[PDB]
Structure formats: C-alpha cells, structure tokens
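Student: data.cif is reproduced in full below (mmCIF, N, CA, C and O atoms (P, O5', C5', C4', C3', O3' and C1' of nucleotides)).
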```cif
data_entry
loop_
_atom_site.group_PDB
_atom_site.id
_atom_site.type_symbol
_atom_site.label_atom_id
_atom_site.label_comp_id
_atom_site.auth_asym_id
_atom_site.auth_seq_id
_atom_site.Cartn_x
_atom_site.Cartn_y
_atom_site.Cartn_z
ATOM 1 N N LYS R 26 0.831 -1.258 0.000
ATOM 2 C CA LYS R 26 0.000 0.000 0.000
ATOM 3 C C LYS R 26 0.853 1.292 0.000
ATOM 4 O O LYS R 26 1.893 1.335 0.662
ATOM 5 N N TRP R 27 0.412 2.325 -0.721
ATOM 6 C CA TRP R 27 1.191 3.533 -1.036
ATOM 7 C C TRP R 27 0.444 4.816 -0.631
ATOM 8 O O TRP R 27 -0.172 5.497 -1.457
ATOM 9 N N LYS R 28 0.493 5.126 0.673
ATOM 10 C CA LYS R 28 -0.068 6.335 1.313
ATOM 11 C C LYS R 28 0.802 6.821 2.488
ATOM 12 O O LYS R 28 1.658 6.077 2.980
ATOM 13 N N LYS R 29 0.561 8.057 2.946
ATOM 14 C CA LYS R 29 1.121 8.617 4.194
ATOM 15 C C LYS R 29 0.644 7.871 5.454
ATOM 16 O O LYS R 29 -0.497 7.352 5.451
ATOM 17 O "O5'" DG B 1 9.115 -11.759 14.923
ATOM 18 C "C5'" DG B 1 9.978 -12.605 15.687
ATOM 19 C "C4'" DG B 1 10.260 -13.975 15.035
ATOM 20 C "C3'" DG B 1 10.766 -13.885 13.585
ATOM 21 O "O3'" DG B 1 11.775 -14.869 13.366
ATOM 22 C "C1'" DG B 1 8.696 -15.077 13.705
ATOM 23 P P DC B 2 12.574 -15.014 11.969
ATOM 24 O "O5'" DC B 2 11.760 -16.164 11.181
ATOM 25 C "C5'" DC B 2 11.783 -17.517 11.626
ATOM 26 C "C4'" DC B 2 10.972 -18.461 10.724
ATOM 27 C "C3'" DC B 2 11.376 -18.390 9.242
ATOM 28 O "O3'" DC B 2 11.780 -19.678 8.783
ATOM 29 C "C1'" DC B 2 8.991 -18.219 9.555
ATOM 30 P P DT B 3 12.462 -19.919 7.337
ATOM 31 O "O5'" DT B 3 11.205 -20.143 6.356
ATOM 32 C "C5'" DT B 3 10.360 -21.281 6.499
ATOM 33 C "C4'" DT B 3 9.069 -21.159 5.678
ATOM 34 C "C3'" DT B 3 9.303 -20.881 4.180
ATOM 35 O "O3'" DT B 3 8.652 -21.884 3.403
ATOM 36 C "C1'" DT B 3 7.641 -19.460 5.113
ATOM 37 P P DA B 4 8.755 -21.949 1.794
ATOM 38 O "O5'" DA B 4 7.445 -21.141 1.316
ATOM 39 C "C5'" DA B 4 6.142 -21.683 1.496
ATOM 40 C "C4'" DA B 4 5.034 -20.742 1.003
ATOM 41 C "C3'" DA B 4 5.275 -20.179 -0.412
ATOM 42 O "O3'" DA B 4 4.200 -20.573 -1.260
ATOM 43 C "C1'" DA B 4 4.512 -18.520 1.113
ATOM 44 P P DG B 5 4.142 -20.204 -2.829
ATOM 45 O "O5'" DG B 5 3.272 -18.849 -2.834
ATOM 46 C "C5'" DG B 5 1.905 -18.860 -2.438
ATOM 47 C "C4'" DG B 5 1.244 -17.478 -2.535
ATOM 48 C "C3'" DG B 5 1.489 -16.765 -3.878
ATOM 49 O "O3'" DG B 5 0.242 -16.545 -4.530
ATOM 50 C "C1'" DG B 5 1.720 -15.306 -2.005
ATOM 51 P P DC B 6 0.131 -15.960 -6.032
ATOM 52 O "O5'" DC B 6 -0.181 -14.397 -5.791
ATOM 53 C "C5'" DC B 6 -1.443 -13.975 -5.280
ATOM 54 C "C4'" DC B 6 -1.522 -12.458 -5.060
ATOM 55 C "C3'" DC B 6 -1.184 -11.634 -6.314
ATOM 56 O "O3'" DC B 6 -2.347 -10.945 -6.764
ATOM 57 C "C1'" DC B 6 -0.156 -10.767 -4.302
ATOM 58 P P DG B 7 -2.439 -10.241 -8.217
ATOM 59 O "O5'" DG B 7 -1.808 -8.779 -7.983
ATOM 60 C "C5'" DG B 7 -2.474 -7.815 -7.175
ATOM 61 C "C4'" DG B 7 -1.612 -6.575 -6.897
ATOM 62 C "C3'" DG B 7 -1.031 -5.919 -8.163
ATOM 63 O "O3'" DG B 7 -1.212 -4.512 -8.064
ATOM 64 C "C1'" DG B 7 0.652 -6.349 -6.570
ATOM 65 P P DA B 8 -0.982 -3.492 -9.294
ATOM 66 O "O5'" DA B 8 -0.036 -2.381 -8.610
ATOM 67 C "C5'" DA B 8 -0.522 -1.568 -7.547
ATOM 68 C "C4'" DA B 8 0.526 -0.622 -6.935
ATOM 69 C "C3'" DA B 8 1.229 0.284 -7.956
ATOM 70 O "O3'" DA B 8 1.479 1.550 -7.346
ATOM 71 C "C1'" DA B 8 2.762 -1.233 -6.940
ATOM 72 P P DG B 9 2.231 2.766 -8.100
ATOM 73 O "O5'" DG B 9 3.774 2.565 -7.677
ATOM 74 C "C5'" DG B 9 4.171 2.741 -6.322
ATOM 75 C "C4'" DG B 9 5.620 2.321 -6.041
ATOM 76 C "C3'" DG B 9 6.654 3.028 -6.935
ATOM 77 O "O3'" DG B 9 7.565 3.762 -6.119
ATOM 78 C "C1'" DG B 9 7.101 0.712 -6.679
ATOM 79 P P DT B 10 8.706 4.729 -6.726
ATOM 80 O "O5'" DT B 10 10.040 3.822 -6.688
ATOM 81 C "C5'" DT B 10 10.644 3.452 -5.450
ATOM 82 C "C4'" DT B 10 11.985 2.720 -5.626
ATOM 83 C "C3'" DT B 10 12.966 3.454 -6.558
ATOM 84 O "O3'" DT B 10 14.204 3.708 -5.894
ATOM 85 C "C1'" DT B 10 12.751 1.129 -7.110
ATOM 86 P P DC B 11 15.368 4.630 -6.540
ATOM 87 O "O5'" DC B 11 16.398 3.570 -7.185
ATOM 88 C "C5'" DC B 11 17.256 2.777 -6.367
ATOM 89 C "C4'" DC B 11 18.072 1.768 -7.188
ATOM 90 C "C3'" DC B 11 18.928 2.413 -8.292
ATOM 91 O "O3'" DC B 11 20.319 2.309 -7.985
ATOM 92 C "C1'" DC B 11 17.643 0.487 -9.068
ATOM 93 P P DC B 12 21.463 3.056 -8.854
ATOM 94 O "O5'" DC B 12 21.735 2.066 -10.099
ATOM 95 C "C5'" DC B 12 22.347 0.795 -9.907
ATOM 96 C "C4'" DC B 12 22.224 -0.122 -11.136
ATOM 97 C "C3'" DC B 12 22.642 0.510 -12.472
ATOM 98 O "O3'" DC B 12 24.031 0.355 -12.753
ATOM 99 C "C1'" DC B 12 20.688 -0.933 -12.653
ATOM 100 O "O5'" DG U 1 12.834 -6.599 -21.493
ATOM 101 C "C5'" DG U 1 12.231 -7.397 -20.476
ATOM 102 C "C4'" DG U 1 13.270 -8.286 -19.767
ATOM 103 C "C3'" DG U 1 12.614 -9.248 -18.767
ATOM 104 O "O3'" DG U 1 13.404 -10.431 -18.649
ATOM 105 C "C1'" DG U 1 13.764 -7.443 -17.647
ATOM 106 P P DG U 2 12.956 -11.703 -17.759
ATOM 107 O "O5'" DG U 2 13.626 -11.402 -16.325
ATOM 108 C "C5'" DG U 2 15.038 -11.460 -16.148
ATOM 109 C "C4'" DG U 2 15.496 -10.743 -14.872
ATOM 110 C "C3'" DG U 2 14.862 -11.263 -13.571
ATOM 111 O "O3'" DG U 2 15.727 -12.195 -12.922
ATOM 112 C "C1'" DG U 2 15.187 -8.855 -13.644
ATOM 113 P P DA U 3 15.330 -12.954 -11.548
ATOM 114 O "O5'" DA U 3 15.887 -11.984 -10.384
ATOM 115 C "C5'" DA U 3 17.280 -11.717 -10.256
ATOM 116 C "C4'" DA U 3 17.617 -10.651 -9.198
ATOM 117 C "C3'" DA U 3 17.151 -11.008 -7.776
ATOM 118 O "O3'" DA U 3 18.153 -10.621 -6.834
ATOM 119 C "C1'" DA U 3 16.148 -8.974 -8.538
ATOM 120 P P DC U 4 18.010 -10.850 -5.239
ATOM 121 O "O5'" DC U 4 17.293 -9.498 -4.733
ATOM 122 C "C5'" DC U 4 17.942 -8.237 -4.854
ATOM 123 C "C4'" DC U 4 16.968 -7.060 -4.702
ATOM 124 C "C3'" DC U 4 16.283 -6.963 -3.328
ATOM 125 O "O3'" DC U 4 16.880 -5.919 -2.561
ATOM 126 C "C1'" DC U 4 14.868 -6.358 -5.185
ATOM 127 P P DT U 5 16.549 -5.686 -0.996
ATOM 128 O "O5'" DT U 5 15.215 -4.780 -0.996
ATOM 129 C "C5'" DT U 5 15.229 -3.444 -1.489
ATOM 130 C "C4'" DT U 5 13.846 -2.777 -1.431
ATOM 131 C "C3'" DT U 5 13.177 -2.856 -0.046
ATOM 132 O "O3'" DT U 5 13.017 -1.544 0.489
ATOM 133 C "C1'" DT U 5 11.662 -3.328 -1.846
ATOM 134 P P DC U 6 12.636 -1.274 2.038
ATOM 135 O "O5'" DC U 6 11.027 -1.353 2.065
ATOM 136 C "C5'" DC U 6 10.231 -0.344 1.454
ATOM 137 C "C4'" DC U 6 8.762 -0.767 1.314
ATOM 138 C "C3'" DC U 6 8.100 -1.201 2.635
ATOM 139 O "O3'" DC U 6 7.044 -0.308 2.986
ATOM 140 C "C1'" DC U 6 7.541 -2.615 0.787
ATOM 141 P P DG U 7 6.275 -0.385 4.411
ATOM 142 O "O5'" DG U 7 4.817 -0.987 4.049
ATOM 143 C "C5'" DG U 7 3.881 -0.207 3.310
ATOM 144 C "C4'" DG U 7 2.471 -0.813 3.199
ATOM 145 C "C3'" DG U 7 1.862 -1.320 4.513
ATOM 146 O "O3'" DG U 7 0.462 -1.040 4.480
ATOM 147 C "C1'" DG U 7 2.126 -3.105 2.950
ATOM 148 P P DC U 8 -0.554 -1.426 5.672
ATOM 149 O "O5'" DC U 8 -1.052 -2.893 5.236
ATOM 150 C "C5'" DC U 8 -1.856 -3.066 4.076
ATOM 151 C "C4'" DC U 8 -2.039 -4.536 3.685
ATOM 152 C "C3'" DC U 8 -2.682 -5.413 4.771
ATOM 153 O "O3'" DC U 8 -4.042 -5.659 4.423
ATOM 154 C "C1'" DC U 8 -0.953 -6.518 3.496
ATOM 155 P P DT U 9 -5.074 -6.441 5.390
ATOM 156 O "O5'" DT U 9 -4.867 -7.987 4.987
ATOM 157 C "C5'" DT U 9 -5.217 -8.455 3.689
ATOM 158 C "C4'" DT U 9 -4.724 -9.883 3.419
ATOM 159 C "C3'" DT U 9 -5.214 -10.917 4.449
ATOM 160 O "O3'" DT U 9 -6.098 -11.839 3.818
ATOM 161 C "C1'" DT U 9 -2.924 -11.226 3.807
ATOM 162 P P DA U 10 -7.009 -12.882 4.652
ATOM 163 O "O5'" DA U 10 -6.029 -14.134 4.904
ATOM 164 C "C5'" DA U 10 -5.635 -14.989 3.837
ATOM 165 C "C4'" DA U 10 -4.562 -16.003 4.257
ATOM 166 C "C3'" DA U 10 -4.885 -16.791 5.538
ATOM 167 O "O3'" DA U 10 -5.401 -18.075 5.196
ATOM 168 C "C1'" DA U 10 -2.542 -16.250 5.259
ATOM 169 P P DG U 11 -5.974 -19.108 6.297
ATOM 170 O "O5'" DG U 11 -4.693 -20.009 6.669
ATOM 171 C "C5'" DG U 11 -4.098 -20.874 5.706
ATOM 172 C "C4'" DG U 11 -2.887 -21.641 6.257
ATOM 173 C "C3'" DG U 11 -3.181 -22.363 7.582
ATOM 174 O "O3'" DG U 11 -2.684 -23.698 7.513
ATOM 175 C "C1'" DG U 11 -1.289 -20.924 7.772
ATOM 176 P P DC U 12 -2.932 -24.790 8.676
ATOM 177 O "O5'" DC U 12 -1.664 -24.582 9.644
ATOM 178 C "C5'" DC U 12 -0.348 -24.882 9.195
ATOM 179 C "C4'" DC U 12 0.731 -24.320 10.129
ATOM 180 C "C3'" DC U 12 0.622 -24.783 11.596
ATOM 181 O "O3'" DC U 12 1.651 -25.707 11.948
ATOM 182 C "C1'" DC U 12 1.306 -22.492 11.338
#
```
Represent the supplied structure as structure tokens.
Tutor:
Amino acid sequence: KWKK
DNA sequence: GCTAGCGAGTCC
DNA sequence: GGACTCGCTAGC
C-alpha cells in the first residue's frame, strides 16, 4: 500500500 | 517469527 | 527485464  | 503469495514501486 | 523493496494477507 502507497499512502502517508 | 517463519515461510509462502499478491501487486505497486525502485535500481541498474 | 530482472532482482529487489515494501504493505498486506494467510497458515502455522
């Protein structure tokens, strides 16, 4: 997963 | 924690 | 293109  | 699997992202 | 990186899921 690719988020802050 | 180990071993196994999925899919978007990184370095050469 | 390939080995590698990383978040999440799964069985044990």
Student: Figure out the distance between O5' of residue 4 (chain U) and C1' of residue 1 (chain B), please, to one decimal in Å.
Tutor: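 Distance between the two atoms: 21.1 Å.
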Student: Got a sec to pull out which chain U residues are within 12 Å of chain R, counting only C-alpha atoms (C1' of nucleotides), and send them as a list in words?
Tutor: residues 6, 7 and 8 of chain U
Student: Just to confirm, what's the straight-line distance from atom P of residue 10 (chain U) to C5' of residue 2 (chain B) in Å (one decimal)?
Tutor: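 Separation of atom P of residue 10 (chain U) and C5' of residue 2 (chain B): 20.6 Å.
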Student: Would you mind listing, as a ChimeraX atom specification, all residues of chain B that have at least one atom within 10 Å of chain R, where only C-alpha atoms (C1' of nucleotides) are what counts?
Tutor: /B:7-9
Student: How far is it from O5' of residue 12 (chain U) to atom P of residue 3 (chain B), in Å with one decimal?
Tutor: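 Between these atoms lies a distance of 15.1 Å.
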Student: To box chain R, take all atoms listed in the file, fit an axis-aligned box, add 8 Å on each side, and give centre and edge lengths in Å to one decimal, as lines of an AutoDock Vina configuration file.
Tutor:
```
center_x = 0.7
center_y = 3.7
center_z = 2.0
size_x = 18.4
size_y = 25.9
size_z = 22.9
```
Student: What residues come out when you apply the PyMOL selection byres (((chain B and resi 5 and name CA+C1') around 10) and name CA+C1') to this file, written as an MDAnalysis selection string?
Tutor: (chainID B and resid 4 6) or (chainID U and resid 9:10)
Student: Those residues you just picked out, can you put them in a file as an mmCIF file, keeping the file's coordinate frame with N, CA, C and O atoms (P, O5', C5', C4', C3', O3' and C1' of nucleotides)?
Tutor:
```cif
data_model
loop_
_atom_site.group_PDB
_atom_site.id
_atom_site.type_symbol
_atom_site.label_atom_id
_atom_site.label_comp_id
_atom_site.auth_asym_id
_atom_site.auth_seq_id
_atom_site.Cartn_x
_atom_site.Cartn_y
_atom_site.Cartn_z
ATOM 1 P P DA B 4 8.755 -21.949 1.794
ATOM 2 O "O5'" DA B 4 7.445 -21.141 1.316
ATOM 3 C "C5'" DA B 4 6.142 -21.683 1.496
ATOM 4 C "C4'" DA B 4 5.034 -20.742 1.003
ATOM 5 C "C3'" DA B 4 5.275 -20.179 -0.412
ATOM 6 O "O3'" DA B 4 4.200 -20.573 -1.260
ATOM 7 C "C1'" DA B 4 4.512 -18.520 1.113
ATOM 8 P P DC B 6 0.131 -15.960 -6.032
ATOM 9 O "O5'" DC B 6 -0.181 -14.397 -5.791
ATOM 10 C "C5'" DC B 6 -1.443 -13.975 -5.280
ATOM 11 C "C4'" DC B 6 -1.522 -12.458 -5.060
ATOM 12 C "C3'" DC B 6 -1.184 -11.634 -6.314
ATOM 13 O "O3'" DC B 6 -2.347 -10.945 -6.764
ATOM 14 C "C1'" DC B 6 -0.156 -10.767 -4.302
ATOM 15 P P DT U 9 -5.074 -6.441 5.390
ATOM 16 O "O5'" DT U 9 -4.867 -7.987 4.987
ATOM 17 C "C5'" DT U 9 -5.217 -8.455 3.689
ATOM 18 C "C4'" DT U 9 -4.724 -9.883 3.419
ATOM 19 C "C3'" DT U 9 -5.214 -10.917 4.449
ATOM 20 O "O3'" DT U 9 -6.098 -11.839 3.818
ATOM 21 C "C1'" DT U 9 -2.924 -11.226 3.807
ATOM 22 P P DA U 10 -7.009 -12.882 4.652
ATOM 23 O "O5'" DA U 10 -6.029 -14.134 4.904
ATOM 24 C "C5'" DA U 10 -5.635 -14.989 3.837
ATOM 25 C "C4'" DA U 10 -4.562 -16.003 4.257
ATOM 26 C "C3'" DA U 10 -4.885 -16.791 5.538
ATOM 27 O "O3'" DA U 10 -5.401 -18.075 5.196
ATOM 28 C "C1'" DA U 10 -2.542 -16.250 5.259
#
```
